[PDB]
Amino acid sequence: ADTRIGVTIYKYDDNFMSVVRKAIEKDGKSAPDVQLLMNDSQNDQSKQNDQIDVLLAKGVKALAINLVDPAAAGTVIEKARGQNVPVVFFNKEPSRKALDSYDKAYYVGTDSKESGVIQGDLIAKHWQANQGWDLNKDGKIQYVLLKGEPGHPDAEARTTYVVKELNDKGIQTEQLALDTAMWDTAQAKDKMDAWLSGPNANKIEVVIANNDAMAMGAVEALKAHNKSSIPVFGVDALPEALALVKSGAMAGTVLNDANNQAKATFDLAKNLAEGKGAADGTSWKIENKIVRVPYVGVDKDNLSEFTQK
């Protein structure tokens, strides 16, 4: 009657992982036979490694691990393997070799490349519809880009493929600046503030961000410089960001489906905790032990299908 599942979130105050954490908790409360043991790893992998030892000591039947460091997947797998405990890794993708080293290791995530392509499609759509955004009238987008953590799968794929998609759409681009703000609102506000105080400031046409939290910090810096007409694009469709698309402060974002990634992680973890096949009685398509949940483009034209206009 007491199926214990251990869950580690790499950082509880990452805005998107906060939506994922609350949706997994919602699913756990709704299943009468489950007890979720939730942990905040506080963005430190040593803290997470010790939390996994305490969870195994408490006799959890499955682990749902959102890694701090993707390279620590091996360390986690060996802790789990000794007790025959299945591990459903989520959000930060481990290596293929790491996933292949243990029959009971699974992954729930997304195809990183896809959100980059979708963001580039949105920017392309809106660029063509608002020729007044081309401030210097040269037919090229002069942009700045706010990147997430360097090395991170989603940060590298969204930076590469948003520009790639724009160029493939026949829109030439010129990068005025790019720097990491580590997925953080405050750090993004400061970097955008620096750029608006630098020599490139009058040349900026579009602000591209790897997530909505950083986009929200850029919107604040633009407000302060009375540059609120510069379009900002993000990724995740956070409720607060959807409010800005609704108000026109952001020009578009890409839904990162937190509720279905949460549901897939919970479903796979509970099945595997019960000795059943990972996808039993579900509609999740597992391919090579991986579930990928689609991104969806969001702007003012389909915004009612995600929030109230």
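All residue numbers are counted from 1 along the displayed sequence.
TODO: Quick one: say whether 282-290 or 18-26 has the higher mean Cα B-factor in the deposited entry.
DONE: Of 18-26 and 282-290, the stretch with the higher C-alpha B-factor average is 282-290.
- [ ] Averaging only over Cα atoms, indicate whether 47-55 or 27-35 has the higher B-factor in the PDB entry.
- [x] Looking at the recorded C-alpha B-factors, 27-35 comes out higher on average.
TODO: Using the temperature factors in the entry, find which of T185, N211, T110, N84 has the highest value at its Cα atom.
DONE: Highest CA B-factor of the listed options: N84.
Open item on the list: Highest recorded C-alpha temperature factor, please, choosing from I141, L238, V232, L146.
Closed with: Spelled out: the listed residue with the top C-alpha B-factor is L238.
Open item on the list: Which third, lowest, middle or highest, does the C-alpha temperature factor of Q42 belong to within its own chain?
Closed with: According to the entry, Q42 has a C-alpha B-factor in the chain's lowest third.
Open item on the list: Lowest, middle or highest third: which one holds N256 when the chain's residues are ordered by CA B-factor from the entry?
Closed with: It belongs to the lowest third of the chain when residues are ordered by C-alpha B-factor.
Task: For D69, the third of its chain into which the C-alpha B factor falls - done: For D69, whose C-alpha B-factor we compare with every modelled residue in the chain, the answer is the highest third.
Open item on the list: Which third, lowest, middle or highest, does the C-alpha temperature factor of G217 belong to within its own chain?
Closed with: According to the entry, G217 has a C-alpha B-factor in the chain's lowest third.
Open item on the list: Based on the deposited C-alpha B factors for this chain, I'd like to know if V245 is in the lowest, middle or highest third.
Closed with: Within its chain, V245 is a middle-third residue by C-alpha B-factor, going by the deposited values.
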